[PDB]
Amino acid sequence: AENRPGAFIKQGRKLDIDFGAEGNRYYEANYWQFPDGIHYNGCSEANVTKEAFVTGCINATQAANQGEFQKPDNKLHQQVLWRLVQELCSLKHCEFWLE
């Protein structure tokens with residue numbers, strides 16, 4: 001299943017990403033429900049913006065792991081998971097654009 005362009009690696013951890021208050025506290029409460037990283041074929045675009053790249057990962061991931069992005073409540077899970085997966089799909093860099 002995980003060979004989607006957006007499957008959640010989901011190893012069961014709390015990561016090291018500074019969310020700010022409400023996000024980080026909600027993460028600590030139920031973190032096993034969230035990803036570790038993504039498998040969006042790394043990134044092979046010699047000309048991609050962040051708002052192109054990580055966006056494409058998200059337009060993929062929303063359809064990868066649909067059962068997560070259909071919670072009945074879980075408010076802060078959006079503001080965590082959307083930011084979480086954005087960092088997971090931003091990181092350091094891809095290639096053409098670099099530090």
# chains A, B, ... in the order shown; residues from 1 in each chain; ligands from 1

call {"tool": "residues_around", "arguments": {"residues": "segment 40-47 of chain A", "least_positions_apart": "3", "cutoff": "6 Å", "atoms": "only C-alpha atoms", "output": "PyMOL selection string"}}
result
chain A and resi 5-6+94+96

call {"tool": "write_last_selection", "arguments": {"atoms": "N, CA, C and O atoms", "output": "PDB file, in the first residue's frame"}}
result
ATOM      1  N   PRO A   5       2.531   7.738  -3.722  1.00  0.00           N
ATOM      2  CA  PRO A   5       3.304   8.967  -3.720  1.00  0.00           C
ATOM      3  C   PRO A   5       3.077   9.809  -2.445  1.00  0.00           C
ATOM      4  O   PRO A   5       3.232  11.025  -2.458  1.00  0.00           O
ATOM      5  N   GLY A   6       2.671   9.206  -1.332  1.00  0.00           N
ATOM      6  CA  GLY A   6       2.253   9.945  -0.149  1.00  0.00           C
ATOM      7  C   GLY A   6       1.892   9.061   1.042  1.00  0.00           C
ATOM      8  O   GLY A   6       1.256   9.548   1.973  1.00  0.00           O
ATOM      9  N   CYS A  94      15.282  19.334  -1.630  1.00  0.00           N
ATOM     10  CA  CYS A  94      15.261  18.276  -2.638  1.00  0.00           C
ATOM     11  C   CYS A  94      16.637  18.232  -3.316  1.00  0.00           C
ATOM     12  O   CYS A  94      17.527  17.557  -2.790  1.00  0.00           O
ATOM     13  N   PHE A  96      17.784  20.844  -6.705  1.00  0.00           N
ATOM     14  CA  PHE A  96      18.253  21.986  -7.500  1.00  0.00           C
ATOM     15  C   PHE A  96      18.441  23.225  -6.622  1.00  0.00           C
ATOM     16  O   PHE A  96      19.372  24.009  -6.797  1.00  0.00           O
TER      17      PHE A  96
END

call {"tool": "residues_around", "arguments": {"residues": "segment 8-25 of chain A", "least_positions_apart": "2", "cutoff": "8 Å", "atoms": "only C-alpha atoms", "output": "list in words"}}
result
residues 2, 6, 27, 28, 29, 31, 32, 33, 34, 35, 36, 37, 38, 39, 61, 64, 65, 76, 77, 79, 80, 83 and 84 of chain A

call {"tool": "write_last_selection", "arguments": {"atoms": "N, CA and C atoms", "output": "tab-separated table (two decimals), in the first residue's frame"}}
result
chain	number	residue	atom	x	y	z
A	2	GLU	N	2.01	1.13	0.69
A	2	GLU	CA	2.88	2.22	1.08
A	2	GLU	C	3.63	2.80	-0.12
A	6	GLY	N	2.67	9.21	-1.33
A	6	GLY	CA	2.25	9.94	-0.15
A	6	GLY	C	1.89	9.06	1.04
A	27	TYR	N	-0.04	16.45	20.03
A	27	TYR	CA	0.84	15.43	19.47
A	27	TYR	C	1.23	14.45	20.58
A	28	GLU	N	1.79	14.95	21.68
A	28	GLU	CA	2.22	14.16	22.84
A	28	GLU	C	1.11	13.28	23.39
A	29	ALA	N	-0.15	13.68	23.19
A	29	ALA	CA	-1.26	12.89	23.66
A	29	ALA	C	-1.54	11.65	22.81
A	31	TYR	N	0.41	10.59	19.50
A	31	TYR	CA	1.43	10.68	18.45
A	31	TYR	C	1.58	9.42	17.59
A	32	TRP	N	1.25	8.25	18.14
A	32	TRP	CA	1.31	6.96	17.45
A	32	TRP	C	0.37	6.94	16.23
A	33	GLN	N	-0.53	7.92	16.12
A	33	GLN	CA	-1.49	8.02	15.03
A	33	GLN	C	-0.89	8.74	13.81
A	34	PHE	N	0.33	9.28	13.90
A	34	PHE	CA	0.93	10.18	12.90
A	34	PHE	C	2.13	9.53	12.16
A	35	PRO	N	2.58	10.07	11.01
A	35	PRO	CA	3.71	9.55	10.23
A	35	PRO	C	5.09	9.86	10.83
A	36	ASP	N	6.12	9.20	10.29
A	36	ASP	CA	7.56	9.43	10.54
A	36	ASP	C	8.17	10.23	9.39
A	37	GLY	N	7.68	9.99	8.18
A	37	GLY	CA	8.14	10.54	6.91
A	37	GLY	C	7.18	10.05	5.83
A	38	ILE	N	7.50	10.34	4.57
A	38	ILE	CA	6.71	10.05	3.37
A	38	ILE	C	7.63	9.29	2.38
A	39	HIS	N	7.08	8.69	1.32
A	39	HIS	CA	7.82	7.96	0.28
A	39	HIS	C	7.46	8.55	-1.11
A	61	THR	N	-0.69	12.67	-0.60
A	61	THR	CA	-0.88	12.08	0.72
A	61	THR	C	-2.35	12.12	1.15
A	64	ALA	N	-3.49	9.28	-0.30
A	64	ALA	CA	-2.72	8.11	0.13
A	64	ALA	C	-3.44	7.50	1.32
A	65	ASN	N	-3.53	8.27	2.39
A	65	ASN	CA	-3.93	7.78	3.71
A	65	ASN	C	-5.28	8.32	4.11
A	76	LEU	N	-7.04	19.42	16.31
A	76	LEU	CA	-5.62	19.75	16.28
A	76	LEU	C	-4.84	18.74	15.44
A	77	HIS	N	-5.36	17.53	15.20
A	77	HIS	CA	-4.73	16.58	14.31
A	77	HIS	C	-4.54	17.19	12.93
A	79	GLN	N	-4.03	20.62	12.25
A	79	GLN	CA	-2.95	21.59	12.38
A	79	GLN	C	-1.61	20.96	12.75
A	80	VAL	N	-1.58	19.81	13.43
A	80	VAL	CA	-0.37	19.02	13.58
A	80	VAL	C	-0.07	18.39	12.23
A	83	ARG	N	1.00	20.45	9.14
A	83	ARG	CA	2.33	21.01	9.35
A	83	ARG	C	3.40	19.91	9.36
A	84	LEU	N	3.11	18.79	10.02
A	84	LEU	CA	3.99	17.64	10.19
A	84	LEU	C	4.38	17.17	8.81

call {"tool": "select_by_dssp", "arguments": {"residues": "segment 32-68 of chain A", "states": "alpha helix (DSSP H)", "output": "list in words"}}
result
residues 50, 51, 52, 53, 54, 55, 56, 57, 58, 59, 60, 61, 62, 63 and 64 of chain A

call {"tool": "atom_distance", "arguments": {"atom1": "atom CA of residue 62 of chain A", "atom2": "atom CA of residue 87 of chain A"}}
result
15.1 Å

call {"tool": "residues_around", "arguments": {"residues": "residue 93 of chain A", "least_positions_apart": "5", "cutoff": "9 Å", "atoms": "only C-alpha atoms", "output": "list in words"}}
result
residues 50, 98 and 99 of chain A

call {"tool": "write_last_selection", "arguments": {"atoms": "N, CA, C and O atoms", "output": "compact mmCIF listing (two decimals), in the first residue's frame"}}
result
# COMPACT_ATOMS: atom_id res chain seq x y z
N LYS A 50 9.00 25.29 -3.26
CA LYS A 50 8.45 24.57 -2.12
C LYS A 50 6.95 24.38 -2.29
O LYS A 50 6.43 23.28 -2.12
N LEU A 98 19.09 24.29 -2.80
CA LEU A 98 19.85 23.71 -1.71
C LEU A 98 20.27 24.78 -0.72
O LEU A 98 20.31 25.97 -1.06
N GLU A 99 20.64 24.38 0.49
CA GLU A 99 21.28 25.28 1.44
C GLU A 99 22.60 25.75 0.81
O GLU A 99 23.36 24.92 0.30
